[PDB]
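What follows is a single structure, written as structure tokens, with notes after it.
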Amino acid sequence: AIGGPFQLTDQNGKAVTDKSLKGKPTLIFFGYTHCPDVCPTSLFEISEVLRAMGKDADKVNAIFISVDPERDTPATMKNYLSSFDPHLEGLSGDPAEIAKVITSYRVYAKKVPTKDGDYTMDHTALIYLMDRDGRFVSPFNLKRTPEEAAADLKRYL
């Protein structure tokens, strides 16, 4: 199965758990705060889905989880998310807790060094759709307009 228990911290220092996400459909995706191109693209796309949700953006969860726990903090996540929709949650935590999530969500994450202490993370770029019971449905298709994606997500409310 996909998904398991966790307790992490959002960009405002608030605890977020698998349990706290239940009741609303959830879009989960993985990245980190040194991720040019790939992560801004998905953050942008999810932001536009959230915009397309209108007044119902608060009826879904939109969750961006670190795969680089050593560098990703609530403050670094807050800065990384600042241009994006304010309903996005950027989650950080201890490397052992993030590793548990990587396992349970079947996430690919691997460090790719460059030089001088810099590195990127090769990682899963797909978006996870979890239903209102926290059960995996499918990857979430963003190869369409944000209105078309939101119309799909709305059926899980």
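Placing +1 on the Cβ of each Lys and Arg and -1 on the Cβ of each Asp and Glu in the chain, which of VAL49, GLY90, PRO36 has its Cα farthest towards the positive end of the resulting dipole?
After comparing all options, I get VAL49.
Out of all DSSP beta bridges with both ends in the chain, state the antiparallel percent to the nearest 5.
Details: 15 of 24 bridges.
Around 60 percent antiparallel, to the nearest 5.
Quick one: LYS110, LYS22, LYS143, fewest Cβ neighbours within 10 Å first, how do they rank?
Working: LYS110 10, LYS22 15, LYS143 7.
If I rank by nearby Cβ atoms, fewest first, I get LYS143, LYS110, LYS22.
To the nearest Å, what is the center-to-center distance of the stretch 1-42 and the stretch 96-115, using C-alpha atoms only?
Cα centroid to Cα centroid, the span is 13 Å.
When the helices in the chain are scored as -39500 (n - 2.57) per DSSP H run of 4 or longer and the sum is shared across all residues, what 222 nm value do you end up with, to the nearest 500 deg cm²/dmol?
Details: 5 runs with 46 residues, N = 157.
About -8500 deg cm²/dmol.
Amide H neighbours of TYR119 under 5 Å, at least 5 residues apart or on other chains, H built in the peptide plane: list them.
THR114
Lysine pairs in the chain with Cα distance under 20 Å, only those 8 or more apart or on different chains: how many are there?
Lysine pairs satisfying the spacing and distance rule in the chain number 19.
Give me a comma-separated list of calculated 3J(HN,Hα) values for the stretch 62-79, in order, Karplus coefficients 6.51, -1.76, 1.60 applied at θ = phi - 60°, integers in Hz, x for any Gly or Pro.
Values, residue by residue: 10, 10, 10, 10, 4, 10, 10, x, 4, 9, 8, 10, x, 5, 5, 5, 4, 5 Hz.
So what J values fall out for the stretch 39-54 if you push phi through Karplus, 6.51 cos²θ - 1.76 cosθ + 1.60 with θ = phi - 60°, rounded to Hz, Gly and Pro as x?
Computed from phi, the couplings for the stretch 39-54 are 6, x, 4, 5, 4, 4, 4, 5, 3, 6, 4, 4, 4, 5, 6, x Hz.
Normalising by the residue count of the chain, find the relative contact order in percent from Cα pairs under 8 Å and 6+ residues apart.
Relative contact order, the chain: 33 percent.
Quick check: the angle from helix 95-104's long axis to the longest principal axis of the chain, C-alpha only, nearest 10 degrees?
50 degrees
Can you put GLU97, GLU147 in order of Cβ neighbours within 10 angstrom, beginning with the fewest?
On the way: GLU97 17, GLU147 12.
Ordered from fewest to most neighbouring Cβ atoms within 10 Å, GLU97, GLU147 come out as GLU147, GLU97.
FYI the Cβ positions are ideal-geometry reconstructions off the backbone, even for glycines, and counts take in every protein chain you see. Here, each number is a calculation from the coordinates, and none is a lab measurement.
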